[PDB]
Each structure stands twice: as structure tokens, then as C-alpha cells.
């Protein structure tokens, strides 16, 4: 991640803003560029672009603006104290108190990042924009999904690259990030998948636009210059001369996973899927006979499986991802 953050981001941001958004950032990066990863994520998909737009327009039709959506459904901005308090309550509820170091960061291009610093798990939380009703969801995403799946994975024969090849695993993504995104919005009253949708949309446009064009295009959905800056940089991570079209397509994984998981939710065993580790929903049957399940942990929010399934239905309705639409999307 650190590798894809431009090392001159601040200087370029000031140039952009002081130009009244007409300048195209010329980003630079810590040598060497991770070629393989850039290449892997150099193309945008349009497969779910209509679902993304559907999500965004559903928010805007109910709330008028992102700004109002955020305040009305997000609640108040939290102090550091309030963050630490909510996090501590979460770790206890999740039976993982004392396992993860928690750090508060200003450098983050997202709300949160789970890492391995000093060979040890670390949750970095962005202090800017952490919100009362939303923070719990970030914890369900980062700790209840990424962290638990990671620990469960470490117990499996596919715990490393060779194990994945030997047992014939499909990639973890987009199942990983799909599951995490659903989990973020799981117990919200208005579980719109705004971030997943806008990420997907931004990348799709970035593939054909300059930074300047993209920043302007987003005005239609979000006014705040600072927010738009963040979405633009994310969609163009790795791009040096942003006057040209190009994207880093990774963040399309969120909506991609959401749609596939919701589409197939009736045949997916969610506790097993989490227990098997970093695995695709498609490999569950394949891997079930070989999984080591004795000491695997399932998130607290999956104990009541009927309620969990009801929440998935609520998420579907809220986001206009109805059964018949999913079925036409993926005739699987």
C-alpha cells in the first residue's frame, strides 16, 4: 500500500487546489514501482457499473446529497477517546482483546487499514472522518472479517502461497472484500453501500479520464473537494503523469464481491466460509474436507445466523440489488 501512495502527494495537492482544480498532478513513488501489481490492476471492469450508479442514485434520491447522508446516517465525528472506547468494546465483544495494536493515523487514504508491523497485527484508524454510527462497521470489516479470516487461514494447509497452489484455491478476492463490505453495513438502519459503489464508478471513469476530468466528473455525486481528492488518488495510484487516462482498478473488488456474495448467499455457509480462511465462496465445497476447523473463530455477528441472513436481505433491498436483478446479472 505504502508503495502506491505518491511520495509528493501534499505538494501536488496544493498545486491542484491553488490551480482551482485545472492542474494534472505529476505523482512520484518510492522506487521500484510494483510492476506486477500495477499490471494486474491496470484495467477497469464495467460489469456492475449500473449497480454502482443504482446505489449512488438511491442514496441521492433519499438524502439529496452525500453530505446529508453522511451526517444523518453516520452521526457525529468522534474524538480519539471515543474511537479507543468503541474499539475496546469491539475487541471484547469479538473475543480478541489484546491481540491487535491500534494506531491512529492522518496519512490514511481510507477509514482503516489492517497490517503486519514488526511481524504483528496492527489496526490503523483514520482519525479524520470517523463517525459515531459508522465506526462499528469499520471494525466488523477490519477485525470481524480481515483479521478473523487471517487467523483462521494460518491454521489451514493453504496458509502460504505453496499451500494455495497445492490445494487448488481460487483467489481470496473478491470474496474477502465483498464479505468485509457487507459486514461494514450489516447493522445499519440505512445500509447503503456508498463507498463500494463510488469506488467502482470512480475507477471506471479513471480508465478513460485525466485527473482533472475525473475530479470534475465526481462533482455530480460529492461536492467536498477533499473527499473527491481522496477518491481520485485511490483510482490513480501508481499513475505518474495523471494528465493521461489510467487507473488502479483494485477497489472495484468491493462491489464485485458484494454482488457475487449476495447473488449466491442461499448456497454459501457463512460460518464455514469465514472458518476456512482466505478462500473464495466458490471453493467452500472443494476445501471443506481438508479444513482444520477445531479452533477457528467465527465473528460474534454471525452467531445469530437467521438475523445475519435477514440483514443481507435488508442490504439488498436498500441498495436495489433485488433477487431478479442479481439473477439476470449472474445467470450462474
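Positions refer to the first chain, counted from 1.
Per-stretch averaging of Cα B factors for 115-123 and 174-182 places 115-123 on top. Relative to one another, 227-235 and 198-206 have unequal mean CA B-factors, and 227-235 is the one with the higher figure. Within the group 290, 263, 50, 62, the record's highest C-alpha temperature factor is found at 290. Highest C-alpha temperature factor among 218, 161, 244, 139, as the PDB entry reports it: 161.
Sort the modelled residues of the chain by CA B factor and residue 26 lands in the middle third.
For residue 68, the recorded CA B-factor ranks within the lowest third of the chain. Only modelled residues enter the ranking. When the modelled residues of the chain are ordered by their C-alpha B factor, residue 58 lands in the lowest third. Ranked within its chain, residue 255 lands in the lowest third, by CA B factor from the PDB record. Sort the chain's modelled residues by C-alpha temperature factor and residue 267 lands in the middle third, per the entry.
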